[PDB]
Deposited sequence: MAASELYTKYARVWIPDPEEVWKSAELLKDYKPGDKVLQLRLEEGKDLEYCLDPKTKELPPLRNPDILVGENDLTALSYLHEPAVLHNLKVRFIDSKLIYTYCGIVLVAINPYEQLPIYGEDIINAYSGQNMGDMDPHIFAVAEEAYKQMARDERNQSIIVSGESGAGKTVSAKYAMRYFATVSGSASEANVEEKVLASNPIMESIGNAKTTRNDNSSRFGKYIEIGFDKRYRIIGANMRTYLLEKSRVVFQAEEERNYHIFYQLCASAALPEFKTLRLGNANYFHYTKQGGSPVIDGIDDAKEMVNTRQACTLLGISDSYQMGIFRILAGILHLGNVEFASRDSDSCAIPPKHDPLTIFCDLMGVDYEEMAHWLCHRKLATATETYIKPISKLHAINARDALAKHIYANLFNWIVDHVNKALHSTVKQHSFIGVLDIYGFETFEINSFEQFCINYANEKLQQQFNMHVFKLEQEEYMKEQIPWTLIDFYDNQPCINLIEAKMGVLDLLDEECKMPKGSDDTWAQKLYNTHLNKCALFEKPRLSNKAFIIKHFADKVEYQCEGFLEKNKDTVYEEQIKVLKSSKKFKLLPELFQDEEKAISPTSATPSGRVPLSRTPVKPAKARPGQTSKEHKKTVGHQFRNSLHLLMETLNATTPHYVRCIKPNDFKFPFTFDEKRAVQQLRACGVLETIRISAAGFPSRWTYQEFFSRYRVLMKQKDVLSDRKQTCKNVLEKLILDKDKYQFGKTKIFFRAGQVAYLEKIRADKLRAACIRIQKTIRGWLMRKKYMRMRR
């Protein structure tokens, strides 16, 4: 309880998530009279207290946990003032670095500052991405244990540029005769093959890129190794309204006029069924015909020969032409490719395979028992599903092959002693429409934030072991019940993969199975009130509504072996046989391949120690260096920052070294009482100032405080300092009054 005249509080507002308010009359234990901006009128209805605001000396601090009052208004205000007023883009919460896209360039990344951060401890400096990279480089010396920097956020938040600078730090401080040129020259390739225009923004990355920077026994840089995970294979063949698939297809179509590409017989970007679907072939302000050239130049610098480059573009033209193969039904249970079909003719020319062999194997599938073998016709729907699964399988193998040749250039012969690894992964996503891609993205973000919550819980158990404090005080948010909902048997993915193979399964009967299995059995699964074709998952960040329409089309891969063996028979050019050189994997659905890829990622990260960077995007319009409250709060919830802060507010947020406590509150402690050691001095003085110890704890090195007690001490400190100013001013002012009065008497 503190509320008085001239107190300040935050109030909610549909326009800006909180308004500042002046408290105009003291509270009495029932409705509050408040002054505001724009004059003053409010009476504010309590419900069966308003959030209360940090004294102005606190706001703008380097560390959001150093605030006395912790809540979403205080955090949003600190980040807003630091970004708008001080032009500082980096901030800390707990261990987590928080980074905001200035979204115009800055001086801040200069080599002078890079050198200024080297050797510094994380609290010695104002926050910067180099402080995280430096802590990683320190921890890798302090223990041989490898270190991971996990960069996360919405698309466009600056995850790639943050990785760029994080690597530039290691390469400047450690690096010597080079990695930097090759790694940065790899980016246009991985962006070309792996990025797409999403609904909300252009150039979203649809895969998790992981760069291992390798160090020798003396922590000079050896070299780097690039891994990839969670590739969104389904985008190859299916696209929503005003999406595109991967940029490379459009750079290729835009290059159709070039003389190298005449043989590929390419058309315009909406001639092909795998690029027509989105209805938006041109990005505003991107010339795909020039990103083509920057792609081929990035390939050339990494030493993918022009022969292999023409192989890559031949295979992509293959996939584009494959997508235009049209099947006519001849029966409910049989279909055929029509005679002399031009797309198949051009595909078989490009790939160098017999037209009539592909024409047969596209329309038929084959089974053999141990003795004898059978050939079945298949329906037009199964032929279209098989062709799409073949296109997805080609694309995924091409992507893994380009990543392997990039790795050939990035690897170095010296035996890697240890690595620091940097991860550029999409953040928790929520869209006006949410689809299987979003369900995968949010399940991966559930796993990553489980890892995060365990790491934070370990770190603060270990600090309490540094301070002989009971563990029971601390607790953490457990999101295992949602992982079990998504991942376990009879889970949402398991009932999807079942419905892929049950006869005449559909999104409509899948949804019914979901409702039957979870609807009132699980607290985290909910049905939307007015629909039978959607469901709601209660993620850690928010409730998200997923639409069942077109899960099963996206869910399904099965590649008929005889079509791979036809492609593997190709003799025209080197690359196409080389892709498929080393089953159940051909049966596995996209959801299971994603589950497995995510388990590989979590096996990679759990073997390591993480350091986190969260990126948030200030505004959707690309306006330089301006900030929107309403997006930023959504981001800070999607990043789990607000939960971490609430949980800390439940515990002991504020932690003062005794000597800093004295340096602040000497005014509080009398010249008599101070002792020959200040630790015991403050141990007494605080017991004077706050009657009940339960508000605080005494560690070996710090005083721990519950939320609010610092604001109380700063209040009473400032009021006593003003009483001292009253004494001194009253004495000097009264002297001048005496002086002029007695001069008049003189």
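Q: Where does the structure fail to cover the deposited sequence at the C-alpha level?
A: Unobserved in coordinates, per deposited numbering: 1-4, 34-35, 55-58, 188-190, 596-628.
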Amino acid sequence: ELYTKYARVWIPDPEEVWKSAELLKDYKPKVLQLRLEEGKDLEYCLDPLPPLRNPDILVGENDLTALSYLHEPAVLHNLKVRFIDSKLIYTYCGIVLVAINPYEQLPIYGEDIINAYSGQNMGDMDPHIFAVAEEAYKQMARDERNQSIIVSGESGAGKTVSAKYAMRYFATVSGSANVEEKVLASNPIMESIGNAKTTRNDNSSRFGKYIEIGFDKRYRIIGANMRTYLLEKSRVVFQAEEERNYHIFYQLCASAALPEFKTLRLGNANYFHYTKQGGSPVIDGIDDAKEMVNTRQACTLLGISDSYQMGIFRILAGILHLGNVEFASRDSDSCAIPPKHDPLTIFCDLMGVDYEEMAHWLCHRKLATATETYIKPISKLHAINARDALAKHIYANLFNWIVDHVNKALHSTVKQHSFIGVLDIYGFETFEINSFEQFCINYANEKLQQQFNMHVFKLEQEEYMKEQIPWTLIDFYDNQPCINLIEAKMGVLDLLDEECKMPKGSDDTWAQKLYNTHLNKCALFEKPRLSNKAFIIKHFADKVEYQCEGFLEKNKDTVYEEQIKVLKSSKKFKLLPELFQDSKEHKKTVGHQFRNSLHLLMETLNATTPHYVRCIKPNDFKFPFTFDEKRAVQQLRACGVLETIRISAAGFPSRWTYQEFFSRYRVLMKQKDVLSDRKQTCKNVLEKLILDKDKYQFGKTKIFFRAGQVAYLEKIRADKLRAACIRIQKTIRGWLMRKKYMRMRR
From here on, numbers count along this sequence of modelled residues.
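Q: Quick one: is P50 left out in at least a third of the other entries we compared?
A: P50: modelled in all of the comparison entries.
Q: So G39 is built in this one, but is it left out in a third or more of the other compared PDB entries that include its neighbours?
A: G39: unmodelled in at least a third of the other compared entries.
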